[PDB]
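**Q** Data: entry-v4.cif, mmCIF, C-alpha atoms.
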```cif
data_data
loop_
_atom_site.group_PDB
_atom_site.id
_atom_site.type_symbol
_atom_site.label_atom_id
_atom_site.label_comp_id
_atom_site.auth_asym_id
_atom_site.auth_seq_id
_atom_site.Cartn_x
_atom_site.Cartn_y
_atom_site.Cartn_z
ATOM 1 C CA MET A 1 -178.696 98.713 -46.365
ATOM 2 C CA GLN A 2 -181.710 99.364 -48.598
ATOM 3 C CA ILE A 3 -184.943 101.160 -47.725
ATOM 4 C CA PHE A 4 -188.375 101.405 -49.311
ATOM 5 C CA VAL A 5 -190.067 104.725 -50.071
ATOM 6 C CA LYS A 6 -193.798 105.204 -50.600
ATOM 7 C CA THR A 7 -194.580 107.530 -53.515
ATOM 8 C CA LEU A 8 -197.998 109.236 -53.608
ATOM 9 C CA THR A 9 -198.340 108.061 -57.215
ATOM 10 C CA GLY A 10 -197.872 104.405 -56.348
ATOM 11 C CA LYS A 11 -194.194 103.568 -56.703
ATOM 12 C CA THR A 12 -192.018 102.010 -54.014
ATOM 13 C CA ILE A 13 -188.610 103.464 -54.845
ATOM 14 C CA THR A 14 -186.006 101.587 -52.864
ATOM 15 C CA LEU A 15 -182.755 103.640 -52.614
ATOM 16 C CA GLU A 16 -179.292 102.827 -51.222
ATOM 17 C CA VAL A 17 -178.383 104.399 -47.872
ATOM 18 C CA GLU A 18 -176.362 103.935 -44.675
ATOM 19 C CA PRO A 19 -177.303 104.393 -40.968
ATOM 20 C CA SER A 20 -174.779 107.248 -40.868
ATOM 21 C CA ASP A 21 -176.250 108.913 -43.965
ATOM 22 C CA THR A 22 -178.154 112.183 -43.503
ATOM 23 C CA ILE A 23 -181.706 112.950 -44.607
ATOM 24 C CA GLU A 24 -180.446 115.844 -46.743
ATOM 25 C CA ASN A 25 -178.401 113.251 -48.617
ATOM 26 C CA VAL A 26 -181.258 110.770 -49.008
ATOM 27 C CA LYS A 27 -183.162 113.683 -50.567
ATOM 28 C CA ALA A 28 -180.494 114.133 -53.230
ATOM 29 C CA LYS A 29 -180.434 110.412 -54.040
ATOM 30 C CA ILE A 30 -184.171 110.767 -54.703
ATOM 31 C CA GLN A 31 -183.689 113.854 -56.877
ATOM 32 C CA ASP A 32 -181.023 111.845 -58.720
ATOM 33 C CA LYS A 33 -183.135 108.726 -59.349
ATOM 34 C CA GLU A 34 -186.653 110.193 -59.525
ATOM 35 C CA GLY A 35 -185.942 113.868 -60.186
ATOM 36 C CA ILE A 36 -188.000 115.085 -57.218
ATOM 37 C CA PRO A 37 -186.885 118.485 -55.786
ATOM 38 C CA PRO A 38 -185.694 118.233 -52.128
ATOM 39 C CA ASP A 39 -187.651 121.363 -51.156
ATOM 40 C CA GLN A 40 -190.705 119.483 -52.428
ATOM 41 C CA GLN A 41 -189.764 116.184 -50.792
ATOM 42 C CA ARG A 42 -191.490 115.482 -47.478
ATOM 43 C CA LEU A 43 -190.257 112.358 -45.687
ATOM 44 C CA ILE A 44 -192.286 111.027 -42.759
ATOM 45 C CA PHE A 45 -191.384 107.952 -40.713
ATOM 46 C CA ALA A 46 -193.093 106.509 -37.626
ATOM 47 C CA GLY A 47 -195.472 109.475 -37.637
ATOM 48 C CA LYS A 48 -192.775 112.141 -37.522
ATOM 49 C CA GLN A 49 -191.108 114.174 -40.289
ATOM 50 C CA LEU A 50 -187.450 113.446 -41.034
ATOM 51 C CA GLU A 51 -185.239 116.502 -40.658
ATOM 52 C CA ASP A 52 -182.740 117.068 -43.468
ATOM 53 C CA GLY A 53 -180.644 117.963 -40.487
ATOM 54 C CA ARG A 54 -180.537 114.468 -38.977
ATOM 55 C CA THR A 55 -179.294 110.988 -39.891
ATOM 56 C CA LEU A 56 -181.195 107.703 -40.122
ATOM 57 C CA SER A 57 -179.582 106.623 -36.846
ATOM 58 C CA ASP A 58 -181.398 109.556 -35.216
ATOM 59 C CA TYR A 59 -184.783 108.050 -36.076
ATOM 60 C CA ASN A 60 -183.354 104.557 -35.488
ATOM 61 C CA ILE A 61 -184.233 103.804 -39.127
ATOM 62 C CA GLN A 62 -182.833 100.347 -39.915
ATOM 63 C CA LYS A 63 -182.769 98.325 -43.147
ATOM 64 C CA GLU A 64 -185.970 97.176 -44.881
ATOM 65 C CA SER A 65 -187.777 100.195 -43.408
ATOM 66 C CA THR A 66 -190.703 102.043 -45.008
ATOM 67 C CA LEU A 67 -190.561 105.817 -45.469
ATOM 68 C CA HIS A 68 -193.554 107.920 -46.539
ATOM 69 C CA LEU A 69 -193.036 110.510 -49.287
ATOM 70 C CA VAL A 70 -195.687 113.243 -49.307
ATOM 71 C CA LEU A 71 -196.140 116.603 -51.040
ATOM 72 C CA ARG A 72 -196.594 120.077 -49.551
ATOM 73 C CA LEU A 73 -200.381 120.354 -49.207
ATOM 74 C CA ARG A 74 -201.883 117.373 -51.044
ATOM 75 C CA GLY A 75 -205.113 118.136 -52.882
ATOM 76 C CA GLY A 76 -205.466 114.726 -54.502
ATOM 77 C CA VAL B 2 -214.837 100.699 -43.540
ATOM 78 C CA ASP B 3 -213.813 101.939 -40.089
ATOM 79 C CA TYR B 4 -210.089 101.408 -39.529
ATOM 80 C CA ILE B 5 -207.871 101.655 -36.455
ATOM 81 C CA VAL B 6 -204.612 103.586 -36.634
ATOM 82 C CA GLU B 7 -201.907 102.347 -34.310
ATOM 83 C CA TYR B 8 -199.294 105.075 -34.514
ATOM 84 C CA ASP B 9 -198.795 108.716 -33.526
ATOM 85 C CA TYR B 10 -198.792 110.441 -36.925
ATOM 86 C CA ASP B 11 -199.450 114.179 -36.742
ATOM 87 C CA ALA B 12 -201.188 116.106 -39.527
ATOM 88 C CA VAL B 13 -198.478 118.072 -41.333
ATOM 89 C CA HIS B 14 -200.904 119.866 -43.660
ATOM 90 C CA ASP B 15 -204.505 121.091 -43.621
ATOM 91 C CA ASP B 16 -205.697 118.198 -45.787
ATOM 92 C CA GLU B 17 -203.856 115.839 -43.443
ATOM 93 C CA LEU B 18 -205.690 114.001 -40.674
ATOM 94 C CA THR B 19 -204.155 113.351 -37.276
ATOM 95 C CA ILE B 20 -204.191 109.633 -36.559
ATOM 96 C CA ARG B 21 -203.067 108.309 -33.179
ATOM 97 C CA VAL B 22 -202.939 104.870 -31.561
ATOM 98 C CA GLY B 23 -206.451 103.533 -31.040
ATOM 99 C CA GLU B 24 -208.081 106.350 -32.998
ATOM 100 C CA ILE B 25 -210.659 104.785 -35.304
ATOM 101 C CA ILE B 26 -211.324 106.605 -38.566
ATOM 102 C CA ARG B 27 -214.925 106.566 -39.768
ATOM 103 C CA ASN B 28 -215.668 105.500 -43.350
ATOM 104 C CA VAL B 29 -212.079 105.067 -44.519
ATOM 105 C CA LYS B 30 -211.687 105.013 -48.302
ATOM 106 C CA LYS B 31 -208.550 104.331 -50.331
ATOM 107 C CA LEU B 32 -207.641 107.268 -52.567
ATOM 108 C CA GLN B 33 -205.927 107.264 -55.954
ATOM 109 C CA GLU B 34 -202.693 107.969 -54.083
ATOM 110 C CA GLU B 35 -200.741 104.956 -52.817
ATOM 111 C CA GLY B 36 -201.010 104.800 -49.039
ATOM 112 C CA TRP B 37 -203.222 107.862 -48.804
ATOM 113 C CA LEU B 38 -206.614 107.063 -47.299
ATOM 114 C CA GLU B 39 -209.470 109.438 -46.480
ATOM 115 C CA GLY B 40 -211.712 109.245 -43.447
ATOM 116 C CA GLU B 41 -213.388 111.098 -40.603
ATOM 117 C CA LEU B 42 -211.422 111.414 -37.369
ATOM 118 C CA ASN B 43 -212.176 113.814 -34.518
ATOM 119 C CA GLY B 44 -214.980 115.266 -36.631
ATOM 120 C CA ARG B 45 -212.465 116.216 -39.305
ATOM 121 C CA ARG B 46 -212.267 114.574 -42.723
ATOM 122 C CA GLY B 47 -208.712 114.202 -43.955
ATOM 123 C CA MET B 48 -206.205 111.944 -45.666
ATOM 124 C CA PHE B 49 -203.580 109.922 -43.801
ATOM 125 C CA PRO B 50 -200.763 107.406 -44.551
ATOM 126 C CA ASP B 51 -201.767 103.739 -44.841
ATOM 127 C CA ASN B 52 -198.681 102.609 -42.906
ATOM 128 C CA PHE B 53 -200.281 104.140 -39.811
ATOM 129 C CA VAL B 54 -203.775 102.705 -40.263
ATOM 130 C CA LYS B 55 -204.983 99.125 -39.849
ATOM 131 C CA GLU B 56 -208.375 98.188 -41.307
ATOM 132 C CA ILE B 57 -210.541 96.705 -38.563
ATOM 133 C CA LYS B 58 -213.760 95.098 -39.807
#
```
Would you mind writing the file out in C-alpha coordinates?
**A**
Amino acid sequence: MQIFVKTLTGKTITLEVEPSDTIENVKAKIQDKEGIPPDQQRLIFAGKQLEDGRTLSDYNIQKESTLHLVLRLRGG
Amino acid sequence: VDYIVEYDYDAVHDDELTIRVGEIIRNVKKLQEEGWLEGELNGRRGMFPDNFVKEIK
(Lines of atoms letter the chains of each structure in order from A and count residues from 1; the text may use other names and numbers.)
(Lines give C-alpha, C1' and ligand atoms only; values in the text may rest on other atoms or scores of the structure.)
Protein backbone atom coordinates (compact mmCIF):
# COMPACT_ATOMS: atom_id res chain seq x y z
CA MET A 1 0.00 0.00 0.00
CA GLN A 2 1.67 3.18 -1.27
CA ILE A 3 0.43 6.76 -0.98
CA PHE A 4 1.32 10.04 -2.65
CA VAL A 5 2.18 13.19 -0.70
CA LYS A 6 2.03 16.72 -2.08
CA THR A 7 5.02 18.84 -1.03
CA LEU A 8 4.67 22.64 -1.11
CA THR A 9 7.94 22.77 -3.05
CA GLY A 10 6.70 20.52 -5.82
CA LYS A 11 7.65 16.95 -4.97
CA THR A 12 5.26 14.02 -4.77
CA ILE A 13 6.93 11.84 -2.14
CA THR A 14 5.27 8.45 -2.18
CA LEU A 15 5.94 6.58 1.12
CA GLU A 16 5.16 3.02 2.27
CA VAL A 17 2.29 2.62 4.75
CA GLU A 18 -0.48 0.29 5.94
CA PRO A 19 -4.20 0.92 6.70
CA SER A 20 -3.42 0.08 10.33
CA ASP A 21 -0.47 2.50 10.45
CA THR A 22 -0.86 5.67 12.53
CA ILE A 23 -0.38 9.26 11.36
CA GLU A 24 2.34 9.78 13.98
CA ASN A 25 4.21 6.96 12.26
CA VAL A 26 3.69 8.30 8.74
CA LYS A 27 5.22 11.53 10.08
CA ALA A 28 8.40 9.71 11.11
CA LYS A 29 8.69 7.96 7.74
CA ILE A 30 8.65 11.46 6.22
CA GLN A 31 11.27 12.76 8.65
CA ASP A 32 13.31 9.67 7.72
CA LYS A 33 13.09 10.09 3.93
CA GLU A 34 12.77 13.87 3.58
CA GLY A 35 14.05 15.09 6.95
CA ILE A 36 10.92 17.14 7.70
CA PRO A 37 10.21 17.64 11.46
CA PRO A 38 6.86 16.08 12.55
CA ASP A 39 5.95 19.18 14.59
CA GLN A 40 6.33 21.08 11.31
CA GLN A 41 4.48 18.50 9.22
CA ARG A 42 0.83 19.30 8.54
CA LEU A 43 -1.09 16.53 6.76
CA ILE A 44 -4.51 17.34 5.31
CA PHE A 45 -6.73 14.86 3.49
CA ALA A 46 -10.26 15.32 2.12
CA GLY A 47 -10.32 18.81 3.61
CA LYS A 48 -9.54 17.73 7.17
CA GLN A 49 -6.25 17.56 9.09
CA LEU A 50 -4.91 14.10 9.96
CA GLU A 51 -4.43 13.60 13.68
CA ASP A 52 -1.13 12.01 14.71
CA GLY A 53 -3.49 10.28 17.06
CA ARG A 54 -5.41 8.35 14.39
CA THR A 55 -4.75 5.70 11.74
CA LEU A 56 -5.34 5.80 7.99
CA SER A 57 -8.35 3.52 8.47
CA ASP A 58 -9.89 6.33 10.54
CA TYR A 59 -9.93 8.65 7.53
CA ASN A 60 -10.69 5.67 5.27
CA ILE A 61 -7.43 6.47 3.45
CA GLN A 62 -6.86 3.68 0.92
CA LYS A 63 -3.98 3.01 -1.49
CA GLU A 64 -3.08 5.43 -4.30
CA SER A 65 -4.45 8.29 -2.18
CA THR A 66 -3.22 11.90 -2.24
CA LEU A 67 -2.24 13.64 1.00
CA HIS A 68 -1.50 17.37 1.25
CA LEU A 69 1.62 18.46 3.14
CA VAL A 70 1.48 22.08 4.32
CA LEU A 71 3.53 24.28 6.66
CA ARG A 72 2.46 26.18 9.78
CA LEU A 73 1.42 29.57 8.39
CA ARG A 74 2.51 29.65 4.73
CA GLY A 75 3.77 33.03 3.55
CA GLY A 76 4.81 31.88 0.09
CA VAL B 1 -9.57 32.11 -13.98
CA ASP B 2 -12.55 31.44 -11.71
CA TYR B 3 -12.44 27.88 -10.37
CA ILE B 4 -14.95 25.73 -8.51
CA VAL B 5 -13.88 23.84 -5.40
CA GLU B 6 -15.77 20.63 -4.77
CA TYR B 7 -14.69 19.69 -1.26
CA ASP B 8 -15.06 20.89 2.33
CA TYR B 9 -11.53 22.09 3.10
CA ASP B 10 -11.33 24.43 6.09
CA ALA B 11 -8.71 27.18 6.39
CA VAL B 12 -6.16 25.96 8.93
CA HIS B 13 -4.13 29.18 8.90
CA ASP B 14 -4.71 32.90 8.35
CA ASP B 15 -3.23 32.79 4.84
CA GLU B 16 -5.47 29.80 4.12
CA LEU B 17 -8.76 30.21 2.29
CA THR B 18 -11.85 28.19 3.14
CA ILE B 19 -13.05 26.36 0.05
CA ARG B 20 -16.29 24.38 0.12
CA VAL B 21 -18.30 22.44 -2.46
CA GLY B 22 -19.68 24.80 -5.09
CA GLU B 23 -17.72 27.79 -3.80
CA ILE B 24 -16.20 29.53 -6.81
CA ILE B 25 -12.91 31.34 -6.22
CA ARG B 26 -12.46 34.59 -8.13
CA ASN B 27 -9.27 35.12 -10.15
CA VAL B 28 -7.49 31.91 -9.15
CA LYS B 29 -3.74 31.96 -9.82
CA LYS B 30 -1.25 29.12 -9.43
CA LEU B 31 1.50 29.98 -6.95
CA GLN B 32 5.12 28.86 -6.89
CA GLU B 33 4.04 26.18 -4.43
CA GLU B 34 2.78 22.89 -5.89
CA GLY B 35 -0.96 22.64 -5.35
CA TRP B 36 -1.21 26.01 -3.64
CA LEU B 37 -3.45 28.41 -5.55
CA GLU B 38 -4.48 31.95 -4.60
CA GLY B 39 -7.89 33.48 -5.14
CA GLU B 40 -10.73 35.51 -3.69
CA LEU B 41 -13.45 33.60 -1.84
CA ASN B 42 -16.04 35.10 0.50
CA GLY B 43 -14.34 38.46 0.05
CA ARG B 44 -11.12 37.02 1.44
CA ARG B 45 -7.99 36.44 -0.61
CA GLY B 46 -6.14 33.30 0.41
CA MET B 47 -4.29 30.22 -0.78
CA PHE B 48 -5.86 26.76 -0.96
CA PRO B 49 -4.92 23.18 -2.03
CA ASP B 50 -5.33 22.33 -5.72
CA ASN B 51 -6.76 18.89 -4.90
CA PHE B 52 -9.87 20.68 -3.64
CA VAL B 53 -10.31 23.08 -6.56
CA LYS B 54 -11.43 22.37 -10.12
CA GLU B 55 -10.81 25.04 -12.77
CA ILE B 56 -14.10 25.91 -14.45
CA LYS B 57 -13.74 28.08 -17.56
**Q** Between A:75, A:65, A:70, A:46, which residue has the minimum interatomic distance to residue B:6, considering all atoms listed in the file?
**A**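 For residue B:6, the nearest of the candidates is A:46.
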**Q** Pick the closest to chain A from B:39, B:22, B:47, B:14: which is it, counting all atoms listed in the file?
**A**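 Ranked by minimum distance to chain A, first place goes to B:14.
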**Q** Go through A:61, A:44, A:50, A:36 and flag the residue nearest chain B, using all atoms listed in the file for the distances.
**A** A:44
**Q** Suppose you want the space between atom CA of residue A:7 and atom CA of residue A:60; what is it in Å?
**A** 21.4 Å
**Q** Give as a list in words the residues that the PyMOL selection byres ((chain A) within 6 of (chain B)) matches when applied to the coordinates above.
**A**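 Checked against the file, the PyMOL selection byres ((chain A) within 6 of (chain B)) matches residues 8, 9, 10, 47 and 73 of chain A.
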**Q** For residue B:57, find every residue with an atom within 10 Å (counting all atoms listed in the file), except residues of its own chain fewer than 6 positions away, and show them as a PyMOL selection string.
**A** chain B and resi 2-6+25-26
**Q** To box stretch 6-11 of chain B, take all atoms listed in the file, fit an axis-aligned box, add 8 Å on each side, and give centre and edge lengths in Å to one decimal, as lines of an AutoDock Vina configuration file.
**A**
```
center_x = -201.7
center_y = 108.3
center_z = -35.2
size_x = 21.8
size_y = 27.8
size_z = 19.4
```
**Q** The PyMOL selection byres ((chain A and resi 67) around 6) on the file shown: which residues, as JSON, numbers by chain?
**A** {"A": [5, 45, 66, 68]}
**Q** Could you dump the residues just selected with C-alpha atoms as a PDB file, keeping the file's coordinate frame?
**A**
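Below is the file that was written, selection_29.pdb:
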```pdb
ATOM      1  CA  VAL A   5    -190.067 104.725 -50.071  1.00  0.00           C
ATOM      2  CA  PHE A  45    -191.384 107.952 -40.713  1.00  0.00           C
ATOM      3  CA  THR A  66    -190.703 102.043 -45.008  1.00  0.00           C
ATOM      4  CA  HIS A  68    -193.554 107.920 -46.539  1.00  0.00           C
TER       5      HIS A  68
END
```
**Q** Just to confirm, what's the straight-line distance from atom CA of residue A:55 to atom CA of residue A:69 in Å (one decimal)?
**A**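 Straight-line distance from atom CA of residue A:55 to atom CA of residue A:69 works out to 16.7 Å.
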**Q** Grab the atom CA of residue A:64 to atom CA of residue A:2 distance for me, in Å with one decimal place.
**A**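 Going from atom CA of residue A:64 over to atom CA of residue A:2, I get 6.1 Å.
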**Q** Using all atoms listed in the file, list the residues that have an atom at most 9 Å from (-183.8, 116.6, -43.7), coordinates as in the file, as a VMD selection string.
**A** chain A and resid 22 to 27 38 42 to 43 49 to 55
**Q** Measuring atom to atom with all atoms listed in the file, identify which of A:13, A:48, A:74, A:20 is nearest to residue A:35.
**A**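 The answer is A:13, which sits nearest to residue A:35.
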**Q** Any idea what's packed within 10 Å of residue A:63, counting all atoms listed in the file, ignoring anything in its chain fewer than 6 positions away? Could you give it as a list in words?
**A**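 What passes the distance filter is residues 1, 2, 3, 4, 16, 17, 18, 19 and 56 of chain A.
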